[PDB]
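Just below is one structure, and these are the notes that go with it.
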């Protein structure tokens, strides 16, 4: 704001037009920053580089979980119905992070490739991520399911946000989705951005089925109530035969939450 | 231009945008003329109170200081009364010590410094005003002009104010030194006539002389006599 | 996210300090190394400017009869810091009849530097010091300040632009043998400074300090003689 | 005008083996008249520390009201209770805070140490503590002390053994000494209050003394 | 989205008209742990909850101390909590030193609100982020006063400001009839049962996550912790369902 | 009455006689503008309301912080017509005029003391 | 102040225009008409009658506490026009200044000094980058023992002047033109003539009929220097005597 | 309907739609750019071990000292920025010595952690600060209650701990500590466990020139291990 | 005129001050309050929107007292209301401290109005958002009522209404004969008004707070006894068909 008395302060922009408009000595700094911030795939087989993930092999289901809550849900519920092997991960240097982006491969029928990536992708690396994960023109038979959690102070309504009920589930489905929805769709005034939006946009523009699931929780730290709230998801053809043991999975989820991850010491 | 809008920042060529803007503002004001002669000086100006609804008394332009210093503004009306009061206070402050009246030059330097002091600071606008002051010390007449930033000059026939370039061009071919006040007053009246947008009337001229008696201000009927003559 | 000192970045990286360090890494170089009983504080002059007089423009300032000083960076801020350090040294000597140790005065200078980094209305002092001198116990000492707040008891480090090369040269040659006698240290520091400079002797200044003999600059004739002696390499 | 006036009083303190005793007469007298006859001069501070404050009765109240507040501040801050070894230094600092406008008091501190042990401190109007064993003092001092010097710590006696003070002996001695010293002094008498304190709490005691 | 220019500071009014910083602070205070504030005719129990940074570390302090007849809880930012309890303690001590009576709650809470009202107006300052549940009995029965991030304090009978607590409010409202004539043990049982609703399913109250604190008629404000809280936490039935 | 809880910079001033006023016209001359302003503020606050002293004093504060740096003479052209001493020349400007100060301090020290950092 | 000065050629007081005009004070001049009023003050030869306008928004509001004609000294008035929240403060400031002058010099103030003091303390608000130029029209009234009755007007910028007749409000232009036309015809005046002239000017500018209780009148005369407000009876009598 | 770039991290006092004061969070995030440290609380005293990461061989090893005395029975391990930690240490020393002079007794570790945290709380609007202290401390010592080890983060708290790292790769130094802690093991094994844990983060090897073991015992005062003494334990 | 509505010291090309108008609008979204003066007294009434039953009577009230014979019925932001009440208390206290007797209503109202105006003149503090009523009584002067708008207005009203439900309240109050009535029927009229203008789709709980000062109480401000309040409540409830 006002650094000192009487200083003229420019009005902060909203659209983003504050950006301004080269000599060789400056010509390289940009490329150094770009190479540091560039995204590369480092599938941990032997310092590999890899061409795209879907080029070497096809698949039918590519469920992706983004966010710590979604990763916990997938690692707790659907892991004991078979054995999974790792195919690769990615490395990122966003200033907000670095915590992994490892994919999973089932030793059974390989149509399922559930992913876990809690890393926060920047606002520009997402397009490169899509380019290096899918490619340019994939098949027209895949089904994509995305599970994410957002803060409750995003839903807009006439009533008070605090007065709103417990965390709930909302869905956004593309045109090419014959299956019905298990929860009411998101209202018009609310929109979603970043990686789930990029995935949904790519799926919509390339004419392949997709489905989006959101959770408007009031707490961002991982817990049991919010992850348990994802129960009604396990009733659709997107993920039906991958669940085989509910109570032991609940017990192992309780044990994982018992680890008492480092919370925030700013509050009490 | 981002480098504008603030008087504490230099544009990347060497200048101060606010100072030049204030100079243009004081240029866009009311014409004034000052003539220095071997016997004395004359200061002539006109007022915007053309309508008869106004009054001749009360508000007035050429306010005397002490007995030998008289000024005239060519800028913003409500923005020089404080400066005039400060000038009178400084004159009295000098008079209590050094029991002899202020010479003109010290007063010019002090008022220039106090005016400049609102340039180098940050967060306050410069004064929009530029004033001539006339003195009479050591048997000599003195004339000076002050700028919004503050830089006194030993001017002789300045016609600063609105359309001052035409006044300067007209005066650069009439003054020839070795003159009395009688011809100087007529020359000043002609300079005002050159750019007035109308005819001079009995209540549009506020000439004031500073001969070796003091700072007598000409009475309206005396101004009528000179205007007729 | 770099427009005020008080603000941070999304990762940390207080940026005004880093920019001040970049500004410091632009002036003339400076070195220094201690021996058995000797200290050298050689620097180099960027431009000759024969019309200008070398008497007024100089870097090796005196802080006390046992503490000397050499900076690198903007001149005026360094002069202010040196003035304050002189005043503090005299005040400490008055308040306690004991010649001031190197560590105390260098800590005071570091604190004075660090104080101008706590409000977005005062820019930090961008300079770097090479405080070196003899304590009251006879142990040779050397230090190095830093614009932010830090200081280390270095041995033979260097500052200024192109300091990596001279630091590598010093670390690849510093041994106990080279610090035994007196003139060996001068030979070593001259060989170190000869790298970055184009031609030696023209724009190189030294300041030899001995045990309680006070600071003593070197005339150009002695510098030329030392360069000639060091030119006998085979 | 004179911002000082006398009010009398007397403080006696015996620090035995595992018991501290503080006792004091009770009479507010100034000039030549008597203001009251109850006027207790033995205030409690903690469960194991008692303060006796003689002297002018305009600061004897202010120090009492300040010490408890500072004790509460310390307890809230450090989450503990001040022992009798720190109150001495704290009160000395407070007293010396006004060395150019001295407090007109003569304070006596008695209490238990970290272990079961007697301990009685002693101050001066300017403020300087010093550990003691049987120190008394106040307005009518210089009479109480010599008898205790004769009795408690055997001095100028030969061919006599040493015996520790028993609790039954302490009250019997204190009552006798106050009765003996009440007659020959003017400011003492009226009612006597005893504040014997042990490792189970504080118990009071009141007896008659030269009824006036 | 027409709010970016009207929320960067606190001294600006939106076109609808509402200070957005106050609403943001009231939303922020919801980060912490639940704290029930029951009261009775003779005693005013104040049961709280404690989080855990890790299994190795120790828990935070949620039941501070003010004086012999008043004890506050805390919820939200732990930074301003101490900065405000200092003012609490100083005012209580001054009231005890100048006069000779305990400072009544009804004036203390008003003073706290008056102090917290200042920062919400002047520039360059931010509202506090505490959720105090000041409790204590002085002269006319125990009181339970709540404090909000905005300087708008409420009187109350029983509430659980803090973390996820709407279910706690519902439970506390359902059984808000017996709290007028019960002994200490029954009131504490009700408080713990009300707090148990906040805790997620398949989770019980251990000995290391409760901070029962009781102030009443003839006993000064005392905080209970560690194994000392076991006698109160004995019956508690067996499970919510 | 404070303990220590650089002597060359500030020294040679015994504690004895600052708590001992000089010739009785000392507290009425060292602090005169402050006392006059306090009296006027009290009068206005008593007779006109609580708004006037607050407004006027905060105006004083607003106008005070635009002068030159302390190590140079301050013109003080403003704040004077607002104070009311616009033409009240007296024994404050003709005797020991601060422009011709006989002794002068260091710039950095004076400005850092004016900021109150020390 | 930790909010800064808004960037722009007309968004703050201390920034000059490229041609050199203070746009903020011009907005202040435009701000008087926002409230919506009209005030006319005419001086004759021995009287200083002031007329104004009164508007009642509704019926519940009392008709005795909505006046726009305050009193400054024992024999000086004012017809404050514009935003009420700022005139209500300038009136108190002027009262305090008058009391201070009477205490410091021991006689009633000539109108010029009060006008100059108000103008200066209003101008000082147009330099610091923390102030707002409060929008009013400080019109004075009163008689003097050396020059007779006088009428002075002040503006938020700080430029005062001496007028023989003044109109202030939302209809300044046509009222000033009408007064200019009328003054040039006859020179002598009297109390009744001045009151009738003011009422006629107000009626011909507003072009509406005046109810007996719609306009208040405050006057000062040579025989009665004390500032007095005409009651309802006198105003009604003059209104019914007009045009008859 | 539209996406707009709104920033709330600029400004030390700005509340984000959901709380979580961003400036303090960034200050906490800034800690990881520093040096690792460790501290174990044991029934027979506490132990500390802080790395050094010497930039160049010419730098004198004892010039930089993360371990620093506070008193005869209290030691702490700074991390992150250096000058701010120096200021905090100076204030803590002044405070504890002043308290000793006033009340004439020894310090209690909580009674000094409270003081230093109260000093660090003054971030905000007078030599007052303007930014949060981007530092972290591991106070350690022994008192009447026994041996204690307090952790103080930049924002406002002094939560008690038994073994909690502070430097970079804190997750690796935390999971292993959770897996290895026993709450009853002897002091001798503490040194070995701490060294084994520290060996897992360094890119370099374990040599006696970049580790600063310094423990305090219930009987003895502060004892800083020397190179010769540490060589015996660094062999295994 | 968006763009110039960011600081008090900033005009608009039209001439209005936008922050002041925003503060004006920001008082609307609240409850409602009315106040009427009879021949020999005044009376007020506020629709207190009662929240969940966890609270009780004597909660956050809007019928403060300022002196032994004056009182307000503020309706707006509560923190600023409390600050203004404290300021008015201090003003009346100072006046009685040295000028004898008690402050006349007009002087106190003018002082408070000028103080609340003093903030909208500077770029350092936000303007107060709250309406403000200061009805009172005298022995010889009579019964007087005043209302103070947030910015500067200090007009004197026979009887008005402030808050959200204001236009309907004004229209209904217009049809009364409140110039020859007493203090035994204006209370019933106020109750019937507050129940004829009260929304129910967004408001659920009500609790009327009433107070009068007049010849019936010989110049003293206090809440009506519960019997009269209950009788007026019953009459108003039965009046709605």
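Quick reminder: no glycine exception, Cβ is built from N, Cα and C everywhere.
Annotated N-acetylmethionine per Swiss-Prot: E:1, in sequence order. A sphere of 10 angstroms centred on the C-beta of residue E:1 (N-acetylmethionine) encloses 12 other C-beta atoms.
Annotated phosphoserine per Swiss-Prot: E:110 (among others), in sequence order, evidence recorded as a large-scale study or a structure entry. The Cβ of residue E:110 (phosphoserine) has 14 neighbouring Cβ atoms from other residues within 10 Å, across all protein chains displayed.
Marked as O-linked glycosylation site by Swiss-Prot on the basis of similarity to another entry: E:110.
Positions annotated as ubiquitin cross-link by Swiss-Prot: E:115 (among others). Taking all protein chains in view, 14 other C-beta atoms sit within 10 angstroms of the C-beta of residue E:115 (ubiquitin cross-link).
When other Cβ atoms within 10 Å of the Cβ of residue E:177 (phosphoserine) are tallied across all protein chains shown, the result is 7. Residues annotated as phosphoserine in Swiss-Prot, with a large-scale study or a structure entry given as evidence: E:177 (among others).
Contacts of residue E:208 (ubiquitin cross-link) defined by a Cβ separation under 8 A and a same-chain sequence distance of 6+ are given as E:50, E:59, E:226, in order along the sequence. The annotation ubiquitin cross-link is assigned in Swiss-Prot to E:208 (among others).
In this structure the C-alpha atoms belonging to residue E:110 (phosphoserine) and residue E:177 (phosphoserine) are separated by 29 Å. Rounded to a whole number, the C-alpha distance linking residue E:115 (ubiquitin cross-link) with residue E:1 (N-acetylmethionine) is 33 angstrom.
A straight line from the CA of residue E:177 (phosphoserine) to the CA of residue E:1 (N-acetylmethionine) spans 45 Å.
In the three-state DSSP classification, residue E:1 (N-acetylmethionine) falls within coil.
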